[PDB]
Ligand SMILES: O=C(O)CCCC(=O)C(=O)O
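In the form solved without this ligand, a lone chain appears below as structure tokens.
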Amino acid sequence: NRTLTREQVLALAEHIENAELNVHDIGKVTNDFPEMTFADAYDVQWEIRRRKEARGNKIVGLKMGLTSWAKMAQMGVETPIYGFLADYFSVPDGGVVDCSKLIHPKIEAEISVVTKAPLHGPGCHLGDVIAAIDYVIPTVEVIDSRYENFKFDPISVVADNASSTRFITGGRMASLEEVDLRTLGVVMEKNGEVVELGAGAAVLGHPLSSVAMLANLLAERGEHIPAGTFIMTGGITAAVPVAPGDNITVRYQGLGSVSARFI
């Protein structure tokens, strides 16, 4: 189920990460390696993780992509995808994002959770996740595909760490008792303009299910979700471009707001 040699994985991971580190967009790697499988792409992504860990970055969480059934079908995929978060991805609520360090960033409103118990697959589901949640926390992701290409290419995107680049936690944390995630309304404003609306159920029908899918995806590689893991469950709103000078504020129903300033 793999077509990349070890040397190719290592080279691809270096190439792709270099696009992020040097803020330089590249051609999607599936154009040069069309035989690349998702397993290949995850091999590349996890090698990027190791590259970051090797230079001392902490891996501080995981994020989900393609958490819309409709988008999955249109991307021809059967499950979401995931990526990892590095420490330097983190932006404090109200904080600054330096667009000169990014290629073509977009933001999306999400709900993250931190688990208090381990989750594993296969066959993990909502019941398991619900019992394992410590708290939830409003989070806006800044995603930035390192590819110059227009059309989404899920295998390339996976290899590019699911386009992860920054995340902004904010608003108020709550326990699952205090929030109904399916009906959790989200309003994204950019420069004062309401640009996107969404409700938590836009993530699979239930945002917490994304965490179960994450556990099941991880199980395929003999991995699981340790207790204490921070997971961004997926895009509640469509992704919205941001540019220097933009200020954004995402309002979470009953959970305050997340904001960020782009320069």
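Only residues modelled in both forms are compared. Whichever C-alpha set is largest while still superposing within 1.5 Å between the two forms counts as the rigid core. Sequential numbering from 1, following the sequence displayed.
One more form of this protein should be noted, the form solved in complex with this ligand, which is absent from this view; the next part is about it.
Stretch-level contact check against this ligand in the bound PDB entry with heavy atoms at 4.5 Å: of 162-170, 89-97, 120-128, 180-188, the positive one is 162-170.
Three-residue candidate spot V113, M213 and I225; no residue lies within 4.5 angstroms of this ligand in the bound PDB entry by any non-hydrogen atom. With a 4.5 Å cutoff on heavy atoms, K63 counts as touching this ligand in the bound PDB entry. Using a 4.5 angstroms limit between non-hydrogen atoms, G235 touches this ligand in the bound PDB entry.
The closest heavy atom approach of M75 to this ligand in the bound PDB entry falls within 4.5 Å. Although the partner is absent here, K101 is not a contact residue: none of its heavy atoms lies within 4.5 angstroms of this ligand in the bound PDB entry. Taking only residues common to both forms and fitting on the rigid core, the CA shifts of 2 Å or more between the shown form and the other one cluster into runs of 3 or more residues at 68-79, 149-152.
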